[PDB]
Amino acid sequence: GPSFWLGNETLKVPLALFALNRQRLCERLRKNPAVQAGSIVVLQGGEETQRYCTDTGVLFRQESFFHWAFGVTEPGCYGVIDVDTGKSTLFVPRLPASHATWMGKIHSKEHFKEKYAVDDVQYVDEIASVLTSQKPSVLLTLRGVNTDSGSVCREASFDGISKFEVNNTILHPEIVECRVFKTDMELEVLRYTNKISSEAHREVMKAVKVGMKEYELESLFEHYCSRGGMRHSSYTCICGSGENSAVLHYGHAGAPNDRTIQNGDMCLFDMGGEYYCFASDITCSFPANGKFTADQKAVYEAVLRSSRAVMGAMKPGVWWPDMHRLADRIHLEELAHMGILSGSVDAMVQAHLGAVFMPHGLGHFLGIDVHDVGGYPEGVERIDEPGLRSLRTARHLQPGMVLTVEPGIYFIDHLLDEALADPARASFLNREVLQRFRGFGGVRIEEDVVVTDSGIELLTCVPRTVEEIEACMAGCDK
């Protein structure tokens, strides 16, 4: 069948990928006792937007659930799926003649049917008439809460929908659950996004020089990715140098990658391109001047140790919060070896000291969204403890899940000062040694992995050992 392709060496993505997702969704819905015979899933695609009140167009990126189900890149569409038969219908805008002048060819409905390999295509203005003819029992629409943003998903609406029976509770948990488990076709796309993003990270490590602005490396990364067919990034590039490497989502408008990289700084670059709305998320940490100091090597190798320990322990049935605590324990052991900490590591763990150094979650589901859906389905509770409460899932691992593994150690003044004021934590901290690390920034090492039947598959391929990184930055051939 047809494939999405941007030519050159970009990945050909079969539209069969989305057909399989529709089939999988129907199979889940058919097993749901609340689902009535003759139900139709109704999804509404994203629409074109502009900046504020201006006519400045924003490049359109499809809504993630709609993309998962249909792979459609055009704005203004709807898509429906008959649950009992799996039959798919795409609804496309009926365009005015002037579109031909300003926007491009006015494709026929048959063109879209062949392009997307759906069973039928109709115009958007006919959706009520078409659905009416199908005599559905109920329309299943999308409404639920995203557990990372707290936002409510926007349910489909069209002129005349009030004449139908509509259910907006059944679908969301079911389609979320399908998205949690990646098909082999989806994994192929995630291997490509990781390949290109990994290559771009390597080019960035080779290019970094003292005196550059952080945004120069954002620029280079996005150039490499967009040359590889990625018009979008998965999230705003985080290019933190020096003390900014301790700022977890650095790079947003309020802190816009505008610092000059100085000799002796650590760099923490968290960047990932997006291909056909599939994410990647990779973090590389390294010295700006290409040579780890003793202190930098010690912190860096501590995070390398926890990274490797977590990846090695991951397999079906492992509880993700246990991986987070494993990383905590390793960091505390290493910080104790360094002399930053003293005492019983068991006692440090009881006092939640790990969270002073890693305040974020160990890692998260990744897919069509970088912080992918389904981390906290009904029955899965957030753990109300430092560090763990920031975990984006408390689930047990199963084959087909895709996770980031991103331990880090940071020296964050307000967390350190808090710990130093607390007699339950202060006795573990050696102020005279810690002082040397004030302003160090931080290290994060982030890999993307897939859970397999017996372990994991690593998607990411960047230099990771101190020797590998220094060789890469020194411009060595291999």
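Heads up: residue numbers just count along the shown sequence, starting at 1. The term rigid core refers to the maximal set of C-alpha atoms that superpose within 1.5 Å between the two forms.
- Stretch 226-234 is the one, of 290-298 and 226-234, whose CA positions lie farther from the shown form in 4 other deposited structures of this protein once all structures are superposed by the rigid core.
- Stretch comparison, 94-102 versus 131-139: after rigid core superposition, larger RMS CA deviation in 4 other deposited structures of this protein is found for 94-102.
- Comparing the deposited coordinates for 103-111 and 230-238, the stretch with the larger average C-alpha B-factor is 103-111.
- For the pair 370-378 and 123-131, the mean Cα B-factor is higher in 123-131.
- The residue among 365, 158, 276, 181 whose C-alpha atom has the highest B-factor in the PDB entry is 158.
- Within the group 283, 137, 147, 296, the record's highest C-alpha temperature factor is found at 137.
- Per the deposited record, the Cα B-factor of residue 198 falls in the lowest third when ranked against the other modelled residues of its chain.
- Among all modelled residues in its chain, residue 21 ranks in the lowest third by Cα B-factor.
- The entry lists a Cα temperature factor for residue 250 that places it in the middle third of the chain's modelled residues.
- When the modelled residues of the chain are ordered by C-alpha B-factor, residue 308 sits in the middle third.
- Sort the modelled residues of the chain by CA B factor and residue 165 lands in the highest third.
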